[PDB]
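Q: The structure under discussion is supplied below as structure tokens; questions concerning it will follow.
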Amino acid sequence: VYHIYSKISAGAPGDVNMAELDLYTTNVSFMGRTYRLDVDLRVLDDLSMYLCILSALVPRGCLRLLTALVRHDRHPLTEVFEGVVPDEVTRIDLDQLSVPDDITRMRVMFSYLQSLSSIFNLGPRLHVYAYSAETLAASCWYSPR
Amino acid sequence: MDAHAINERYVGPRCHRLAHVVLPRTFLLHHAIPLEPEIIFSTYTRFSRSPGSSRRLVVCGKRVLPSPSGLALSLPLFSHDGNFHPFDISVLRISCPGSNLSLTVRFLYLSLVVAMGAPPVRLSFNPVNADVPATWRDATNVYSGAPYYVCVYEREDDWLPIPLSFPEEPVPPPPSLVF
Amino acid sequence: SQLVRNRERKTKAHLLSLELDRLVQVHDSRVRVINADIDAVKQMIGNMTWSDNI
Amino acid sequence: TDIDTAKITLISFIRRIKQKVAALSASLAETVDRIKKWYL
Amino acid sequence: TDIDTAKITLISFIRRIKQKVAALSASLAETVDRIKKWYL
């Protein structure tokens, strides 16, 4: 979130408040404690773009995918989840984009929905079962992916 | 009666106005429409005194089991430059996906336009509902002569009637411009 | 020809009642404007003795 | 007399205009429907 | 103010009613003549 507001305030400064930004993006309330973080970025210069190039393809996507899925044998849960989408997204007229342009806006669209979802379900992780605080000793076991 | 309210959220915004139409069996026997749930409907309109084509749209239709009774649809109406034309055919094309069946059902706007005349943040939840009441208004098809019903659902609206732009002279006779 | 004599005969009957039903709905949608404008006078009359007080 | 005479003038004259605008809409509702059965 | 406010009220409201009664007579003069050439 902080790397996005570092790019908003570089072009238009009035939309980002330093009293609002460096107050809830520098404290991490976890395990009854807080932790300070040393941040002035360059590592997250692609997730700020992959999540934003995905950010506009979802509202066009979840109406093009729902106009095709309507029939006598719709799965009954999407009768409920049809209403959660806002009213302005329900008025996207897809006449302004052609059909061989819409395919280019799906194979791009789905490929970010996977490759952003996969890099947090990547599991070089290890389950600690014993620990002591004043010795910094710990034992665990490893389970990949 | 669910297919009216489904089409207002998926065919509804892609049009200008919808023509909610329920077809009785007397219309179905004349055009020979075998009511199976496999049927895919497709709609497009044929303009007049202009380059005539509109895009094709898929409209959902369901049988209404019983106060009329029959097939329920919704026809698209297109307003180029802010008004309707009176002599402007809306074509309904009926086809099955697998078998050999193609039927063309044709409607005229003056039989439809006249028939319409009388802290965490909140996310909204707007499902499809048949809660809106219907007002059943009669009509006749010009081409076949079989009656069909038109719904009028409740919602610069009551002040104005529905805009029409009648053709101008010189004009061929409307028995020859309809066909 | 005898089918064109029946197309021109019937569609001058189906379209004729459509134009007459349009003509009623032009008139009744403007009579609504008159009764919205007559009653707009009478509503201003109900405080015209109040507009003479300012 | 500004309250009394304007009450009897600017209501009774207004109601006689309003009840005759409804005579035009009630005339076409009778006569155009008479064209439909008698002549069509 | 009885002369001033009744002048602007009971003339400007009256003229907007009168100019729309002429809209009904100008509508049938156009549309009934349209029935004559297009459909007869």
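Chains as they are written, first to last, in the numbering used here: chain A, 2 to 146; chain B, 105 to 283; chain C, 13 to 66; chain D, 3 to 42; chain E, 3 to 42. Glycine residues also receive a C-beta, built at the ideal position from the N, C-alpha and C atoms.
Can you give, in chain order, each stretch of the beta strand (DSSP E) that sits fully within the segment 171–222 of chain B and has at least 3 residues?
A: Qualifying beta strand (DSSP E) stretches, in chain order: 174–181, 193–199 and 206–212.
Q: Check whether the Cβ of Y114 (chain B) lies closer than 6 angstroms to any heavy atom of the ligand GTP, and answer yes or no.
A: The ligand GTP is absent from the structure shown, which contains no ligands of any kind.
Q: If I measure Cβ to Cβ from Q37 (chain C) and keep anything under 7 angstroms in the same chain, skipping five residues before and after, which residues do I get?
A: none
Q: Can you give me the start and stop residues for the alpha helix (DSSP H) that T105 (chain A) sits inside?
A: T105 to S116
Q: Which partner residues does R150 (chain B) have in the DSSP bridge list?
A: According to DSSP, which records beta bridges pairwise, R150 (chain B) is partnered with B:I193.
Q: Assuming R42 (chain C) is part of the alpha helix (DSSP H), what are its boundary residues?
A: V16 to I57
Q: For residue 227 (chain A), is the classification buried or exposed, using 16 other Cβ atoms within 10 angstroms of its Cβ as the cut-off for buried?
A: The question about residue 227 (chain A) has no answer, for chain A in this structure spans 2 to 146.
Q: Looking at chain C, which residues of the segment 209–229 of chain B have a Cβ within less than 9 angstroms of any of its Cβ atoms?
A: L212, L214, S215, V217, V218, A219, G221 and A222
Q: To the nearest angstrom, how far is the alpha carbon of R118 (chain B) from that of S99 (chain A)?
A: Annotation: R118 (chain B) to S99 (chain A) spans about 14 angstroms, alpha carbon to alpha carbon.
Q: When burial is assigned at 16 or more other CB atoms within 10 Å of the CB, is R42 (chain C) buried or exposed?
A: buried
Q: Quick one: list the residues of chain E neighbouring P278 (chain B), beta-carbon separation under 8 angstroms, in chain order.
A: Taking the beta carbon of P278 (chain B) as reference, the chain E residues within 8 angstroms of it are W40 and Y41, listed in sequence order.
Q: Return yes when the Cβ of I193 (chain B) is within less than 7 angstroms of the Cβ of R150 (chain B), no when it is not.
A: yes
Q: On the DSSP bridge list, what partners appear for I144 (chain B)?
A: B:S199
Q: Can you name the start and end residues of the beta strand (DSSP E) that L24 (chain A) belongs to?
A: Note, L24 (chain A): premise wrong, no beta strand (DSSP E); alpha helix (DSSP H) at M19 to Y25.
Q: Step through the CB atoms of chain C and report whether any lies within less than 7 angstroms of the CB of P172 (chain B).
A: no
Q: Please look up how many angstroms separate the CB atoms of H120 (chain B) and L212 (chain B), rounded, as I've assumed it's under 8 angstroms.
A: Going by Cβ atoms, the distance from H120 (chain B) to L212 (chain B) rounds to 17 angstroms, so no, they are not a contact pair.
Q: Tell me, please, whether the CB atom of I19 (chain E) is closer than 7 angstroms to any CB atom in chain C?
A: yes
Q: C200 (chain B) to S206 (chain B), Cα distance in whole Å?
A: 7 angstroms
Q: Figure out for me which residue from A:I54, A:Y3, A:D46 and A:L64 has the closest Cα to the Cα of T27 (chain A).
A: Ranked by how close their Cα comes to the Cα of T27 (chain A), the residues A:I54, A:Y3, A:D46 and A:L64 have A:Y3 in first place.
Q: Helix, strand or coil for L30 (chain D)? Go by DSSP, reduced to three states.
A: helix
Q: With distances taken Cα to Cα, identify the nearest neighbour of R18 (chain E) among C:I50, C:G58, C:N65 and C:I66.
A: C:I50
Q: Please return the same chain residues whose Cβ sits closer than 7 angstroms to the Cβ of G174 (chain B), not counting the five positions on each side in sequence.
A: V126, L127, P128, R129, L132 and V168
Q: Hey, how far is the Cα of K38 (chain E) from the Cα of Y257 (chain B)?
A: 35 angstroms
Q: Using a C-beta to C-beta distance shorter than 9 angstroms, which residues of chain B count as neighbours of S63 (chain C)?
A: By Cβ distance, chain B contributes nothing, its closest Cβ being about 26 angstroms from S63 (chain C), past 9 angstroms.
Q: Return helix, strand or coil for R92 (chain A), following the three-state DSSP convention.
A: Correct three-state label for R92 (chain A): helix.
Q: Is the CB of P265 (chain B) under 7 angstroms away from at least one CB in chain C?
A: yes
Q: Alpha helix (DSSP H) containing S49 (chain A): first to last residue?
A: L48 to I54
Q: Given this structure, state the Cα-to-Cα distance separating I13 (chain D) from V53 (chain C), to the nearest angstrom.
A: 10 angstroms
Q: If we define contact as Cβ-Cβ less than 7 angstroms, is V246 (chain B) a contact residue for chain C?
A: yes
Q: Report the residue from B:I143, B:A222 and B:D106 whose alpha carbon sits nearest the alpha carbon of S203 (chain B).
A: B:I143
Q: Please check if any C-beta of chain D sits within less than 7 angstroms of the C-beta of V43 (chain C).
A: yes
Q: Which one or two residues does DSSP pair with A138 (chain A) in a beta bridge?
A: A:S133
Q: Tell me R121 (chain B)'s beta-bridge partners as DSSP assigns them.
A: B:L181
Q: Taking only beta-carbon positions, decide if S29 (chain D) is within less than 7 angstroms of chain C.
A: no
Q: Identify, in the order they occur along the chain, each residue of the same chain with its Cβ nearer than 7 angstroms to the Cβ of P125 (chain A), setting aside the five sequence neighbours on each side.
A: Same-chain partners within the cutoff: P145.
Q: Applying the 10 Å Cβ sphere with the 16-neighbour rule, what's the burial state of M32 (chain A)?
A: exposed
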